[PDB]
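In structure tokens, the next block holds one chain alone, the form deposited in one PDB entry.
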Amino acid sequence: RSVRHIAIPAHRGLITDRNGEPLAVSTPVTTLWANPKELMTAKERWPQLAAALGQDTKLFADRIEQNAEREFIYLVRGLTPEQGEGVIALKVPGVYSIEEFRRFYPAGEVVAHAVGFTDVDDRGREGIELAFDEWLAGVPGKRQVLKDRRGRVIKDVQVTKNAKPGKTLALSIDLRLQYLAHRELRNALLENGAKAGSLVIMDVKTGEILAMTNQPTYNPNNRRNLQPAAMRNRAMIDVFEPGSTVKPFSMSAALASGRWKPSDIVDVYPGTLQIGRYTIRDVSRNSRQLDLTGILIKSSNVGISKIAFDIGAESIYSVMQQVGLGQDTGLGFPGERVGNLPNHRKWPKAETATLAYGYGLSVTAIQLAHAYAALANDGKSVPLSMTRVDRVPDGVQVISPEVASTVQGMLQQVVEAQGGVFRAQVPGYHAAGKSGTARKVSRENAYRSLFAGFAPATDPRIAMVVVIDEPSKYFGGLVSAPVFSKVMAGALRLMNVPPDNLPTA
């Protein structure tokens, strides 16, 4: 007698990793709904129905009696096809089913922050699911069904508009590398008794983000009792002052200025330098004079500041801006933070020095990895991508290949030379990188352990950033280096990259 114009869900598009491994799959579920006007005519059936739904007898009865005037209530949503058909087989008057779609995340917490999740209505709410919701969602259809005066659906009349399925999306993530990264970062936090962390791996030639993992994390298939801290995609929303990890870009500015050469010597004695009301301090007051490579190895704040006064902060600012520090990544990720790299018309001495040793700016882990990928790719910046790319993108030469090559060699000495971060070495390969201690001024002042590098030195393929938040187990400045080593070793092997430092493995 009556007529209703309901909808037909679209099969939400599959999300895969770059090799086609499934990251988010739309699966069939059965939702049960009732017409209370019909249920009210079969009350002797309610206890059996209530038990099949895992509901208390009297509470289920109360719920039906409270809604007896309606023609529609939900009984349960998202049952497997088998469960739904099993309740339908009870032949309870007024109980109906509809088949919907529901996401399943086969890798669970391993890639939770990148992929995000959907609504109970299959709508993208976080991460890629949100950002690409238009691509993934498709277009629903339109169905028609007739009803009586009691609201009883008599017959499905026809189908009006055919649903249109969403489109497949292949991410840049390599799930083999994501597992390695997720496993090693997690083990690292437990061993150092750390709070949170991030690890980013990217292809320096294509800009593809091959892994992006954070701790803590969560299972998107089971979001009960979910803590807000666990949902933060720290690689893109946690901002910090990168500290010594951007001294290599101060150096690039120096070697590009025409005024400095690697063999130059800077006097750092006595490990401090006064500028007005401020005092610059070196951790290693062991040294009196350092060459340019030694300044990075010892992480001399005094040394890099003296270079900065000579070349000027503008030259340093320009390199840091051009490699993407505190600049929009273009990834358009939900909640992504851009940081801050403030310019000045005139640079005072203090602001000059603090920029040079990495406290005059705020960045994300993704930006820091992008910047190291520019240095690794022989000075050529390529845009970041969260999706698989089919051609090497056009890059921008932001650092001359000669300077990039020199600084590459210095960072390789940072890892390999005496007194350097030896725990960063990758067996079988020549790796290069730089360690640092981050700072997020807030009222608070959090300290993070950072390592950023790339490999292999002969033809760099991937860049990596490891962030470990305030390790409690407190010489923690070199806590991230061993994570870089293990993950870089596993990544190079998984990507079939030929070793260039035998004998080591």
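Note that the rigid core is defined as the largest set of C-alphas that superpose within 1.5 Å between two forms. We number the residues from 1 along the sequence you see.
Separately, the form deposited in another entry exists; it is not shown, and the next lines address it.
Relative to the superposed rigid core, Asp238 undergoes a CA displacement smaller than 2 Å between the shown form and the other one. Remark: with the core as the superposition reference, the CA shift of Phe422 between the shown form and the other one stays below 2 Å.
In this overlay on the rigid core, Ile265 has a C-alpha that sits less than 2 Å away from its partner position between the shown form and the other one.
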